[PDB]
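Written out below as C-alpha cells is the structure these notes cover.
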Amino acid sequence: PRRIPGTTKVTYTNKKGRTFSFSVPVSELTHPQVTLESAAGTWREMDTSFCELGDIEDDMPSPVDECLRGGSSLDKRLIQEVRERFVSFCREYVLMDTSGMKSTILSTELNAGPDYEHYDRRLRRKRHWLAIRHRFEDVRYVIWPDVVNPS
Amino acid sequence: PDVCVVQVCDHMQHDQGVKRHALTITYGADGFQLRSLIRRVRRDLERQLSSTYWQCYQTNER
Amino acid sequence: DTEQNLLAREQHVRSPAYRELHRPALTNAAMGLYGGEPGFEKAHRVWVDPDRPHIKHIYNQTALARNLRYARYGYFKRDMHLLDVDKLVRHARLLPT
Amino acid sequence: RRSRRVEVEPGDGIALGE
Amino acid sequence: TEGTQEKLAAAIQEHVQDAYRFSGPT
Amino acid sequence: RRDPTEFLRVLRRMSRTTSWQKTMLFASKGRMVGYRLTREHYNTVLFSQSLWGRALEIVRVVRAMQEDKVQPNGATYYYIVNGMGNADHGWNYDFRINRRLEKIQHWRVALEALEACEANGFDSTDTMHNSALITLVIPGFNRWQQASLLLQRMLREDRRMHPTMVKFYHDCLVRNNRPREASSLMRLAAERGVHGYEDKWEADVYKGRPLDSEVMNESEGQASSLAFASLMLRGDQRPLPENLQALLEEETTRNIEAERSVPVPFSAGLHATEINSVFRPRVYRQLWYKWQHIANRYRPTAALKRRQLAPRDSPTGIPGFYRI
RNA sequence: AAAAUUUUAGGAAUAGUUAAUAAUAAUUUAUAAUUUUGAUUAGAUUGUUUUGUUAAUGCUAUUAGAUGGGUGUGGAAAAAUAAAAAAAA
Ligand SMILES: [Mg+2]
C-alpha cells in the first residue's frame with residue numbers, strides 16, 4: 001500500500017514577476033467514478049466464452065478450446081495436454097450415460113433448437129458429436145502430424 | 001476543501017424484537033480515503049462485536 | 001433460374017428474424033408460476049408460416065382458442081405494405097374478386 | 001474545519017496583495 | 001422476405017403490452 | 001413504446017414481487033422494441049436471478065450487459081457472485097438435480113467476477129468470497145485445491161467465515177479424503193468464533209508431519225529418510241529395513257486400491273455426503289431475500305404443517321411449499 | 001396383472017417422455033406419446049348401496065387402509081412401538 005503525500009506545490013507568478021510555490025492540500029481518489037452513465041471503455045470485462053448454454057449457433061465449449069487460443073503449439077507438454085484433453089473428451093462422449101436421452105423428430109422445434117427442459121435429453125449428444133468433429137478438424141494435425149524426434 | 005461535513009447514520013430495525021443495525025458513513029467531498037478508514041473500523045470491531053455475521057465495505061467515493 | 005429463388009427462400013428461413021418470429025409457444029415453466037399473475041398466466045402470441053409450419057394442425061375448433069375466424073381477409077389488411085400476396089391468395093378466407 | 005498549513009496556501013492569495 | 005422485421009417488431013411490441021398487463025391500472 | 005420510466009417501474013416491481021421468469025421476459029423483449037437498458041435496469045434483473053439462483057440466466061444477462069457497453073458497479077458484482085452460490089444442486093434418490101450446472105462453469109464466473117471487481121476498483125464484500133468458495137465445493141463439484149487458495153487469501157484480507165461456507169467446505173474435504181484439511185478447518189472456525197463451531201475443536205495430529213506437496217518434490221530429488229518421509233509413525237514404531245519396508249509399502253498401496261474399487265451396492269455411485277442432498281435456495285419455501293443468507297437451504301416441510309394455517313376443505317396460501 | 005368410476009365461478013398446453021428391438025445393463029429406428037370426449041400443474045383431498053332426511057334412483061356424511069435412502073437382513077420391510085393374537089414342558 002502506497003500512502004498519499006498530502007501536499008503539492010504549484011508555481012505562481014506575482015504581478016512583479018516573482019515565482020514561488022503555493023502549497024495545496026490534495027488527496028487522490030480511491031473509488032472509480034462509475035455512478036455516471038457515460039461509458040469510457042476502460043474496464044476489465046468478465047470472460048464468458050467457457051460457458052455451455054443452449055445456443056445451437058455455437059459449439060459446445062471443450063477444454064481444448066482454451067488450448068488452441070493462441071499458444072505456442074511447438075511446446076511438448078502443451079501437445080501432451082491437448083492429446084489428453086481430446087482423449088478425455090472422446091472417452092466422455094463414448095461412455096456417456098444415454099439412459100433418458102431420446103432423439104425423435106418433434107415439429108415444435110423447427111425454427112429453434114430443442115427446448116430448455118429437453119436440452120440434456122435431445123441436444124446434448126448431438127452438440128457433443130458436432131464439437132468432436134469441429135475439434136477433430138483443428139487438432140488432427142497436432143496430435144498426428146504428417147510424415148516428413150516426435151513429441 | 002477547507003470544510004468537511006460527515007454523516008454517520010445507522011438504521012435500527014427490530015429483527016424478532018432485537019435490534020439490527022444498517023450503518024452508513026457519508027462524507028461531504030471527494031478525496032477522503034474511505035478504503036483506509038474502513039480497515040480501521042474493521043480492525044476495531046473484530047474484538048468488540050458479538051453477532052452472527054457483519055460486513056464493512058466501501059460503496060461510493062463518499 | 002429456380003436456384004436463385006430456392007436459395008433466397010432457404011436463406012430467408014435461416015435468418016434470425018424469421019426464427020425469432022416463429023418461435024414455439026412458451027411453456028408454463030418459462031412464463032412463471034402456476035398462475036394468478038396477469039399477463040404471465042398464459043403463453044404469448046404464436047405466429048406460424050402456412051407453407052412451413054412449425055406446429056401440426058394450425059387451426060382448431062375449441063371453445064376459447066378458436067382461430068379459423070381470424071384467418072380471413074381483413075386481419076391482413078392491417079399490414080399490406082409488408083404483405084406477401086401469393087401467401088394471401090393461397091392462405092386466406094373470404095377473399096373478394 | 002481544515003487546519004492551516006505551515007507553508008503558504010492558495011487561500012492566503014487575497015492576503016498576497018495586488 | 002423483407003417485411004419480416006417490422007412484423008417481428010409488432011409481435012414483440014404486442015408481447016410487451018401483454019407483459020404491461022401485469023402492472024394493472026395506470 | 002410507452003414511457004421508459006414506466007418500463008423501469010414494472011421492472012422494479014417484478015424483481016420485488018414475483019419470480020425470475022418475469023424480469024427475463026420483460027427486459028429481453030423490452031430490449032428488442034428499443035428500450036435502452038441502463039445499469040439500473042440490469043441491476044434489477046440481476047437481483048431477481050441472484051435470488052432464485054439462476055446460474056444460466058446470470059451468464060446471459062452479463063453477456064447482454066457487456067454487449068451494450070454498460071459498465072457494472074459494485075452492486076452488480078454483489079449479485080453475480082451471490083447468485084452462483086444460490087444455484088440448485090444435489091441428488092434426489094438416484095436423480096441428479098441440475099445436471100447441466102456442471103457443464104456451465106458457474107464456479108469460474110463467480111471467480112471471474114471477483115477478479116473483475118478488484119481490477120475495476122470496487123471493494124468486494126465478505127459474502128462474495130464466502131459464496132465464491134461455495135460454488136467450488138457443492139456436492140456436484142470437487143474443487144478443494146482452488147477453495148483452499150481462496151480461503152488462504154480470504155484470511156489475509158481479514159474476512160470472517162460464514163457458517164454456511166464451513167458446513168459445505170467440511171463436507172467436501174471429507175468426501176475427497178482430506179482429514180488434515182478438515183481438521184484444520186474445524187480448528188479454524190472454532191478460533192475465529194464462527195457460530196455453530198465453537199464446540200467443535202480437534203487436536204492437530206499432523207503437527208510434526210510436513211505437507212503432502214513438499215513430500216512429493218522431495219521424493220523426486222537422509223536417503224533412508226527420503227523415501228519414508230510420508231510414512232506416519234506413532235513414536236513407539238520403527239521402520240523396517242529399506243528393502244523390507246519398500247516391499248511392505250507396495251503391499252499397502254495395492255490393498256487400498258482393492259478396497260476403494262469395490263462399489264457399495266445401494267449408493268447409485270455416490271458418496272454418503274451426496275445422498276439426500278437436494279438444494280434449492282431460501283425463496284422456494286415461503287421466504288424472501290436476506291443478505292446474511294448466502295446459500296440458504298430451503299426450510300423443511302415440518303416448519304409449516306397444513307390444517308394449522310387453514311381449516312379443512314379450505315385453501316392455504318402455500319402453492320409450492322411441500323413440493324421439493 | 002387388466003376393465004371401471006373424482007371435484008374446482010372467471011378452462012391450455014404436457015413430458016428422464018410412446019412403440020419397435022439379436023437391446024438383462026436400448027450409443028439404433030420411427031411421420032412417437034397425453035390433451036378441448038378437458039390433460040399436466042396448482043387448490044381441496046384416504047376411499048366405502050354402512051350416516052341423516054324424505055313419498056322419493058333426490059340431497060347430505062364417513063375414522064378400512066397404504067407409505068422408493070434406518071438395517072439388503074428376511075419368505076415377505078410392515079421394523080424404534082400396540083390391554084393378548086398366549087409366543088415351541
Ligand atoms: Mg431399428
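Chain labels A, B, ... are given in the sequence in which chains occur in the C-alpha cells; within each chain residues are numbered consecutively from 1, and ligands are likewise numbered from 1 in the order shown.
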
Select all residues from chain C having any atom no more than 12 Å from an atom of chain G (counting only C-alpha atoms (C1' of nucleotides), ignoring ligands), output as a PyMOL selection string.
-> chain C and resi 24-29+32-36+41-43+56+60-66

Exercise: residue 24 of chain E partners within 12 Å, only C-alpha atoms (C1' of nucleotides), chain neighbours under 6 positions left out, as a PyMOL selection string = (chain C and resi 37-39) or (chain E and resi 17-18) or (chain F and resi 10+13)

Within 8 Å of ligand 1 (only C-alpha atoms (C1' of nucleotides) and all ligand atoms), residues as an MDAnalysis selection string | chainID G and resid 20:21 28:29

May I have the residues from that selection written out with C-alpha atoms (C1' of nucleotides), as a PDB file, in the first residue's frame?
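Result file follows (part-v1.pdb):
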```
ATOM      1  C1'   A G  20     -40.181 -51.427 -32.160  1.00  0.00           C
ATOM      2  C1'   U G  21     -35.928 -54.194 -30.716  1.00  0.00           C
ATOM      3  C1'   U G  28     -30.025 -47.631 -33.392  1.00  0.00           C
ATOM      4  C1'   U G  29     -35.104 -46.796 -35.909  1.00  0.00           C
TER       5        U G  29
END
```

Chain D contacts on chain A, only C-alpha atoms, 6 Å, as a ChimeraX atom specification = /A:22-24

Grab the residues selected above and save them as a compact mmCIF listing (two decimals), in the first residue's frame with C-alpha atoms.
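Written output follows (result_3.txt):
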```txt
# COMPACT_ATOMS: atom_id res chain seq x y z
CA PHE A 22 1.60 27.56 -3.33
CA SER A 23 1.31 24.50 -1.09
CA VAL A 24 -2.09 22.92 -1.77
```

Could you produce a table of the residues of chain F lying within 10 Å of chain B, with the nearest pair of atoms per residue and their separation in Å rounded to one decimal, using only C-alpha atoms, ordered by chain and increasing residue number, as a tab-separated table?
```
residue	atom	partner	partner_atom	distance
F:73	CA	B:59	CA	9.4
F:74	CA	B:59	CA	7.2
F:75	CA	B:59	CA	8.4
F:122	CA	B:58	CA	7.8
F:123	CA	B:58	CA	5.9
F:124	CA	B:57	CA	7.3
F:125	CA	B:57	CA	6.2
F:126	CA	B:55	CA	6.1
F:127	CA	B:55	CA	8.0
F:157	CA	B:39	CA	9.8
F:158	CA	B:43	CA	8.4
F:159	CA	B:55	CA	8.7
F:160	CA	B:53	CA	7.9
F:161	CA	B:53	CA	8.5
F:162	CA	B:53	CA	7.1
F:163	CA	B:52	CA	8.7
F:192	CA	B:46	CA	9.6
F:193	CA	B:52	CA	9.2
F:194	CA	B:52	CA	7.6
F:195	CA	B:52	CA	6.4
F:196	CA	B:52	CA	9.8
F:291	CA	B:53	CA	10.0
F:292	CA	B:53	CA	6.9
F:293	CA	B:53	CA	9.8
```

For the selection just defined, write its residues with N, CA, C and O atoms to a file, as a short mmCIF file (atom, residue, chain, number, x, y, z; two decimals), in the first residue's frame.
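Everything below was put into out_31.cif:
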```
data_model
loop_
_atom_site.label_atom_id
_atom_site.label_comp_id
_atom_site.auth_asym_id
_atom_site.auth_seq_id
_atom_site.Cartn_x
_atom_site.Cartn_y
_atom_site.Cartn_z
N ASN F 73 -21.29 -1.99 -11.73
CA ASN F 73 -20.82 -1.38 -10.50
C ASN F 73 -20.67 -2.46 -9.43
O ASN F 73 -20.83 -3.65 -9.70
N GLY F 74 -20.36 -2.03 -8.20
CA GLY F 74 -20.18 -2.97 -7.11
C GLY F 74 -21.45 -3.67 -6.69
O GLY F 74 -21.41 -4.76 -6.12
N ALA F 75 -22.60 -3.04 -6.95
CA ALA F 75 -23.88 -3.70 -6.69
C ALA F 75 -24.14 -4.81 -7.70
O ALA F 75 -24.89 -5.75 -7.41
N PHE F 122 -13.55 -1.72 -7.36
CA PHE F 122 -14.58 -1.82 -6.33
C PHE F 122 -14.08 -2.66 -5.16
O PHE F 122 -13.08 -3.37 -5.24
N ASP F 123 -14.80 -2.55 -4.04
CA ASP F 123 -14.48 -3.29 -2.83
C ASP F 123 -15.46 -4.45 -2.71
O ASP F 123 -16.66 -4.24 -2.53
N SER F 124 -14.94 -5.67 -2.80
CA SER F 124 -15.78 -6.85 -2.67
C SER F 124 -16.14 -7.09 -1.22
O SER F 124 -15.36 -6.80 -0.30
N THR F 125 -17.33 -7.62 -1.00
CA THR F 125 -17.85 -7.82 0.34
C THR F 125 -17.44 -9.19 0.88
O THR F 125 -16.87 -10.03 0.17
N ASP F 126 -17.73 -9.41 2.16
CA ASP F 126 -17.35 -10.66 2.80
C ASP F 126 -18.24 -11.81 2.37
O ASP F 126 -17.81 -12.97 2.42
N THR F 127 -19.47 -11.53 1.95
CA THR F 127 -20.37 -12.57 1.48
C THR F 127 -20.12 -12.96 0.03
O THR F 127 -20.64 -13.99 -0.40
N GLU F 157 -6.95 -11.04 3.90
CA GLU F 157 -7.73 -9.82 3.74
C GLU F 157 -8.65 -9.55 4.92
O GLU F 157 -9.54 -8.69 4.81
N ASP F 158 -8.46 -10.28 6.03
CA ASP F 158 -9.18 -10.10 7.30
C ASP F 158 -10.69 -10.26 7.14
O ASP F 158 -11.48 -9.49 7.70
N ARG F 159 -11.10 -11.27 6.39
CA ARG F 159 -12.50 -11.62 6.26
C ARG F 159 -12.89 -12.61 7.35
O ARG F 159 -12.05 -13.29 7.94
N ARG F 160 -14.19 -12.67 7.63
CA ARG F 160 -14.72 -13.64 8.58
C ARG F 160 -15.53 -14.69 7.83
O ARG F 160 -16.22 -14.39 6.86
N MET F 161 -15.42 -15.93 8.30
CA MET F 161 -16.03 -17.06 7.61
C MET F 161 -17.51 -17.16 7.94
O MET F 161 -17.93 -16.91 9.08
N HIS F 162 -18.30 -17.52 6.94
CA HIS F 162 -19.73 -17.72 7.12
C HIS F 162 -20.01 -19.15 7.58
O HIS F 162 -19.34 -20.08 7.13
N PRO F 163 -20.98 -19.35 8.48
CA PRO F 163 -21.27 -20.72 8.96
C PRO F 163 -21.82 -21.65 7.89
O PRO F 163 -21.72 -22.87 8.05
N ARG F 192 -11.97 -18.57 15.28
CA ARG F 192 -12.49 -17.31 14.77
C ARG F 192 -13.86 -16.96 15.35
O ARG F 192 -14.33 -15.83 15.13
N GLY F 193 -14.51 -17.88 16.05
CA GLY F 193 -15.80 -17.58 16.63
C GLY F 193 -16.96 -17.74 15.68
O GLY F 193 -17.94 -16.99 15.79
N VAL F 194 -16.88 -18.68 14.74
CA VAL F 194 -17.98 -18.93 13.82
C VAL F 194 -19.11 -19.62 14.58
O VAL F 194 -18.87 -20.56 15.35
N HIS F 195 -20.34 -19.15 14.37
CA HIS F 195 -21.48 -19.65 15.13
C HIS F 195 -21.84 -21.07 14.71
O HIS F 195 -22.02 -21.35 13.53
N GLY F 196 -21.94 -21.95 15.70
CA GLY F 196 -22.18 -23.36 15.46
C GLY F 196 -20.93 -24.21 15.49
O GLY F 196 -21.04 -25.44 15.45
N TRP F 291 -29.65 -10.66 3.29
CA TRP F 291 -28.26 -10.55 2.86
C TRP F 291 -27.36 -11.57 3.54
O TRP F 291 -26.39 -12.04 2.93
N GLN F 292 -27.65 -11.93 4.79
CA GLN F 292 -26.75 -12.80 5.53
C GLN F 292 -26.88 -14.26 5.15
O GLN F 292 -26.03 -15.07 5.53
N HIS F 293 -27.93 -14.62 4.42
CA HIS F 293 -28.14 -15.99 3.96
C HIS F 293 -27.65 -16.08 2.52
O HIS F 293 -28.38 -15.76 1.59
#
```
